[PDB]
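Below, all heavy atoms of this structure are taken into account, side chains as well, without hydrogens, waters or symmetry copies. So you know, we letter chains A, B, ... as the sequences are listed, proteins then strands, and number each from 1.
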Amino acid sequence: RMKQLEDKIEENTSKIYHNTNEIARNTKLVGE
Amino acid sequence: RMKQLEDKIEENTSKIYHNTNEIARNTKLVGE
Amino acid sequence: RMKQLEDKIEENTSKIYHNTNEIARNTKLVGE
Ligand SMILES: [Cl-]
Ligand SMILES: [Cl-]
């Protein structure tokens with residue numbers, strides 16, 4: 001199971017990575 | 001411990017799911 | 001390995017925590 005769990009953690013890390021970039025884009029677009 | 005760790009991973013997956021939707025809403029609202 | 005995996009999960013939890021706050025800021029700034 002542990003390798004799969006490491007898989008799942010990495011899938012979450014990747015989703016977070018992309019979300020962080022999208023948030024940054026929104027932050028810039030709402031900024032003055 | 002492993003079942004609890006799977007729990008925690010799922011709690012993070014769920015938080016990511018909701019954040020992704022909220023980010024999408026912000027993206028649309030900042031869009032032209 | 002399990003302690004390290006718990007580490008990694010917590011690093012993701014922390015990234016999510018900060019992203020949630022930033023999303024909230026963007027939500028308020030796009031709000032009427
Ligand atoms: Cl995770
Ligand atoms: Cl956002």
Side-chain angles (χ1 to χ4, degrees), chain A residues 2 4-32, chain B residues 2 4-32, chain C residues 2 4-32:
Chain A
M2 177 137 279
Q4 294 176 244
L5 291 190
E6 298 185 42
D7 201 50
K8 287 174 192 315
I9 294 165
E10 185 50 46
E11 289 185 35
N12 280 346
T13 301
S14 185
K15 287 175 175 175
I16 293 163
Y17 171 81
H18 294 300
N19 282 351
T20 302
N21 290 333
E22 189 84 356
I23 293 163
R25 180 176 180 279
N26 288 343
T27 295
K28 177 170 189 289
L29 290 169
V30 298
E32 306 294 339
Chain B
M2 177 137 279
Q4 294 176 244
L5 291 190
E6 298 185 42
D7 201 50
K8 287 174 192 315
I9 294 165
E10 185 50 46
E11 289 185 35
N12 280 346
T13 301
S14 185
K15 287 175 175 175
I16 293 163
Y17 171 81
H18 294 300
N19 282 351
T20 302
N21 290 333
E22 189 84 356
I23 293 163
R25 180 176 180 279
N26 288 343
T27 295
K28 177 170 189 289
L29 290 169
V30 298
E32 306 294 339
Chain C
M2 177 137 279
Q4 294 176 244
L5 291 190
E6 298 185 42
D7 201 50
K8 287 174 192 315
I9 294 165
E10 185 50 46
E11 289 185 35
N12 280 346
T13 301
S14 185
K15 287 175 175 175
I16 293 163
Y17 171 81
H18 294 300
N19 282 351
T20 302
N21 290 333
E22 189 84 356
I23 293 163
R25 180 176 180 279
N26 288 343
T27 295
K28 177 170 189 289
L29 290 169
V30 298
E32 306 294 339

| For B:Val30, the rest of its hydrophobic cluster, which grows through side-chain links under 4.5 angstrom |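 Hydrophobic cluster check, B:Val30: joined to A:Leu29, A:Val30, B:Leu29, C:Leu29, C:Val30.
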Taking ILVMFWY side chains as joined if any heavy atoms are under 4.5 angstrom apart, and letting links pass through other members, which residues group with A:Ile16?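 Answer for A:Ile16: B:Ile16, C:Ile16.
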Separation of [Y] [atom2] from [X] [atom1] (nearest 0.5 Å):
X: C:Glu6; Y: C:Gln4; atom1: CD; atom2: CD; result: 10.5 Å
X: A:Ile23; Y: C:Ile23; atom1: CD1; atom2: CD1; result: 4.0 Å
X: B:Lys15; Y: B:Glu10; atom1: NZ; atom2: CD; result: 12.0 Å

Apply side chain to side chain contact (heavy atoms under 4.5 Å, CB included) to A:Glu11 and list each qualifying residue two or more places apart in sequence or on a separate chain.
->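 Partners of A:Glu11 by the side chain to side chain contact (heavy atoms under 4.5 Å, CB included) criterion, ordered by chain and then number, come out as A:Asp7.
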Residue pair B:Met2, A:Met2: steps toward the side-chain contact (heavy atoms from CB on, under 4.5 Å) verdict
CA-CA 8 Å; B:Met2 177 137 279; A:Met2 177 137 279; 3.3 Å; yes
### Message
Please enumerate all residues that pass side chain to side chain donor-acceptor pair (under 3.5 Å) together with B:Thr27, with sequence neighbours excluded.
### Response
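A:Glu22, A:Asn26.
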- request: Kindly write out the residues that satisfy side chain to side chain donor-acceptor pair (under 3.5 Å) with C:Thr20, not counting sequence neighbours, or none if the list is empty.
  value: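 Here the qualifying residues are B:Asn19.
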**Prompt:** With distance as the sole test, does A:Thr13 use its side chain to make a donor-acceptor pair with the main-chain N or O of A:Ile9 at under 3.5 Å?
**Reply:**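 Yes, the answer is positive, given that a donor and an acceptor are paired below the 3.5 Å cut-off.
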